[PDB]
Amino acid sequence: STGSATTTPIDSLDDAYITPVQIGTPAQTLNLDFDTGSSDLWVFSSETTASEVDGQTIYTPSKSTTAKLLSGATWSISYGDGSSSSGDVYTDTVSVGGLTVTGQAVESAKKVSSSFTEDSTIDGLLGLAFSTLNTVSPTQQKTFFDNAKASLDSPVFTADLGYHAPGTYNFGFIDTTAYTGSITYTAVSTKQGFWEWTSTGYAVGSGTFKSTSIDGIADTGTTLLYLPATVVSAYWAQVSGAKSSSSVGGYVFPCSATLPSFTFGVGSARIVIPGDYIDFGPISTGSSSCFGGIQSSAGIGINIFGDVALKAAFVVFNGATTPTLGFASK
């Protein structure tokens, strides 16, 4: 089997991407944020505290003939941005892009933090990291990908995110029309439960490539590219008037600037992030200071190849017995 779904930016900055997901019978379609940095499939629901729901579409298990309470199971998650959610668990049928899993754990939110409530466009998350990170207790649950894997034509999914445009998540096959050149594969460590890999270095603009190992994770649920402070300082030093502001919480730059590209290494391959991808616009409406898309990881504890990096590439998440990541230009 295979599945193929379109993923759409939630706003004009590509702050996140939403993908429609069918849950239950008859189908309830919710727009979920597919997150390769977490392992819970959780939704706004009929159980969510009413004051914490503001425009989201909710899952109502009582209206699904295939929903069953997973008796005694609870969940609670905290993300790297400080947001959180918790609740109870149902099993139900879940379909993405024509690919169906029966018996998927659907984590129903009773509580969500303010950042979720305030984002009316995101109805929940679909985690695509390793199932070792799933927060359901006392019985940990599998991701949608881990439940689909054995049925797929090939044990893979691919992320093809757009710059200010829709893109695609495919399950079970590699669309050889979706990228240019060849795919370069690289090793993954699952020791922390993430798609963790090692980049072979970087370049700023037309500058020379610096060969240096940069461990990090491939995380579709993180907007920006978070790298070591040395690398980030070398990038922003090429932009007149750029600086780190602790008042704004990251690198800012004059909106009048033209930004240089940023290249990262995948083995001998190179992925080039155009300068425009690194512009996240005004720090507040009407401001002439703009927020940078490459930020320091020094206050995180991990480097994160978020959407700014991933949407420059066709990315293969290979869940074979020995997992790998693949990257290609497009």
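Numbering starts at 1 and follows the sequence shown.
- A summary of the deposited B-factors shows that, of 285-293 and 45-53, the stretch with the larger mean C-alpha value is 45-53.
- Set 230-238 against 143-151 and average the Cα temperature factors; 143-151 ends up higher.
- Highest C-alpha temperature factor among 218, 224, 106, 248, as the PDB entry reports it: 248.
- The residue among 184, 199, 206, 158 whose C-alpha carries the highest B-factor in the deposited model is 206.
- In the PDB entry, residue 131 places in the middle third of its chain by CA B-factor.
- In the deposited entry, the Cα temperature factor of residue 274 places it in the lowest third of its chain's modelled residues.
- The PDB entry assigns residue 12 a C-alpha temperature factor belonging to the highest third of its chain's modelled residues.
- Sort the modelled residues of the chain by CA B factor and residue 326 lands in the lowest third.
- For residue 178, the recorded CA temperature factor ranks within the highest third of the chain's modelled residues.
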